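The structure tokens that follow cover one protein chain in two forms, given apart as structure 1 and structure 2.
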Structure 1
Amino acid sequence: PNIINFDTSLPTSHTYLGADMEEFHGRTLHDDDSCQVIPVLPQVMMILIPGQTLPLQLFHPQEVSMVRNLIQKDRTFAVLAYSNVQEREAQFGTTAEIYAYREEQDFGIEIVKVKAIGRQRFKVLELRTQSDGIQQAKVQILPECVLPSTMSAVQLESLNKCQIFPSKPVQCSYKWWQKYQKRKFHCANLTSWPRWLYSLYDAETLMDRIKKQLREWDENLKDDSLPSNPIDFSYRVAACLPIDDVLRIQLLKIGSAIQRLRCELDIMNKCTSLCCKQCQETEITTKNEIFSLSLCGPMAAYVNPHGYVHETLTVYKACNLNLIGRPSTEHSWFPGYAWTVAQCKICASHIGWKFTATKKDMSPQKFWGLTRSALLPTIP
């Protein structure tokens, strides 16, 4: 776990996909619970969390035509959160707003490369197939339940003044947080619960605890690099957590940032190991190895030359992996590193890749990227 000389901003740019692409800055959002009708891409099957970037490649003519249509209008499509991959259960979904588009005619076939970003969660009201093979879905835009401060109702008018704290200092953190708890939740003496009980539901305190548990994954985790909004912070954390699909569905269902943060803290404090899906006992790694090599956190989604989307989690150590192939810089998701296939030792199933730096001055020299779909969390 050496100091990261690497420019962590590199992978988030998806340079591997290609050169600059038509970038659309036209953010589009729908009003709360506003009923909408949006298209669906059968190619995509990943659980998209709002704020997470999804890269894609599409070659089938129907998909190319659909994305061409989407470039006009809003550029927003839907990603269904398949509870059961078979028969496309899809009881919840996320709107993805295309923000990067490129077109190429290599191989003699029309190919479109896209980068979308999750924008809003929604409930699926009706899923119907069209004559062109593009499913069109009814969308109830789920709202963001924003609650006031816990003590906002119970607050002495005299103490309302001075509720704004001076600042955070650039033991010191512990003392400042003790003072913050003492001053913010003073009027907790007017109620039947203690101050720490209200701290357990405080947005800022929960974000601070999550940051404390994240810092183990990134020593250079400067606060500015993480969102300050509770909603954005909660979604970022949910996107960066190495958890199964059911837990991701659960986190998507929650509409309140406080509840999402509490569930995220629960998950972080519980999950310990990462084991093979095609097995049930071969542990590939542990939470302690998770380290962030990107501004998007340890785990992020990338594409292959054939368009498949892999949610790769970056770690500084892996075990039980059989290595196949040779270090190839081609289409490497991490610039300046060469990749190689990795399989589970027992079942010989694909788990991820091992990345090796191409320059001796580059740290970390080696690391691993393990696909989320090829791992499951294991509790002790």
Structure 2
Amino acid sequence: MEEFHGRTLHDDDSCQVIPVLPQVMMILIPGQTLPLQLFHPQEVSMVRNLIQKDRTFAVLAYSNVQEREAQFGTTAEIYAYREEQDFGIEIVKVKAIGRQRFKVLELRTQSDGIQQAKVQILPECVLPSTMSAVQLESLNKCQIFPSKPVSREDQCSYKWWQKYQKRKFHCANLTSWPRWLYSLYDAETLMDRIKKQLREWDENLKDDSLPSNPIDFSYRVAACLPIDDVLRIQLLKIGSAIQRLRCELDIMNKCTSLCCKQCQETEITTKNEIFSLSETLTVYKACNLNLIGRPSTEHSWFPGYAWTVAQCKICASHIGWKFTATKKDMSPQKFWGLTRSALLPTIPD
């Protein structure tokens, strides 16, 4: 593939006009690669011309697919592109990366076939520390932190984050609001909230699986989490990292219903039913699941809990195990330890 080393950074609040490929119809958040292959000769010629000129494309995500009208979009830059003539058809494969968000002021259809639109590149505004305005001259030296201790041995990390919130937001006593409020508007605290809450749905190591820049982290988590398209557009509307993270928290806390991973429809449990009696998530109740095998209590991880295999009703694939009590006077009687990897989650509708 023909590699490209240049980087495009248009001026903020500066109008730009560029054609939009009709093939792209989904919402592409900045930082998320969206490879696409075009076989139309006109599309191939337009892609070649764009690569020669500035290697820039516009992906206008229409709010309604049938209406084909887009009030928002994203600008993408081609990183590596390959032009292979397979079966006599001009096919170009390019792996592009998003550059910046754009607002489509007006959409027009060019004679050649592409759609020409003039879009002003919206800016990514970064706010300073919320405590910088009222920060004390004596206490600036205490802002620098004693490294960032982190380990699975620390587990909860309760004390370190309590010290962080207590001393970083020390100056909040001079303002009418308390420190626990500003912690909801702090980039690091929110980033920790996503990172800890994500690990409840997967075993990826948060140290390197996600970036450290708040903007990059926000874009990555917005792309990764399962969500519909309208709420993707709503997130794309937000132009502030802190506001975007808060919106992501608001969306995330509403995913109260889990479901079979490669099954979509079959719900397995509710977040309110999670009974953390004693890894794998523990659920007091379950639904749409069938027991498998026999209660072979041999080498049971939970003493007194005879474990039996369980599977999705719609797939028969294993989703967890049913920890049945090994004694009559044993509580809980039955705890369902569903596997963490096997769950979507999804909205409660």
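Rigid core: the largest C-alpha set superposing within 1.5 Å between the two forms. Counting starts at 1 with the first residue of structure 1 and goes up one by one along its sequence. Only residues modelled in both forms are compared.
Rigid-part rearrangement between structures 1 and 2 places its hinge, out of 76, 209, 271, 121, at 271.
Two rigid parts account for the change between structures 1 and 2, and C-alpha superpositions put the rotation of the smaller relative to the larger at 78 degrees. The two forms line up on their rigid core, and residue 222 then has its Cα shifted by 4.0 Å between structures 1 and 2. Aligning the rigid core leaves the CA of residue 267 displaced by 1.3 Å between structures 1 and 2. Superposing the two forms on their core, we find that the Cα atom of residue 353 is displaced by 24.2 Å between structures 1 and 2. At a threshold of 2 Å in C-alpha displacement, with the core superposed and only residues shared by both forms counted, the segments of at least 3 consecutive residues that shift between structures 1 and 2 are, in sequence order, 216-220, 272-294, 311-380.
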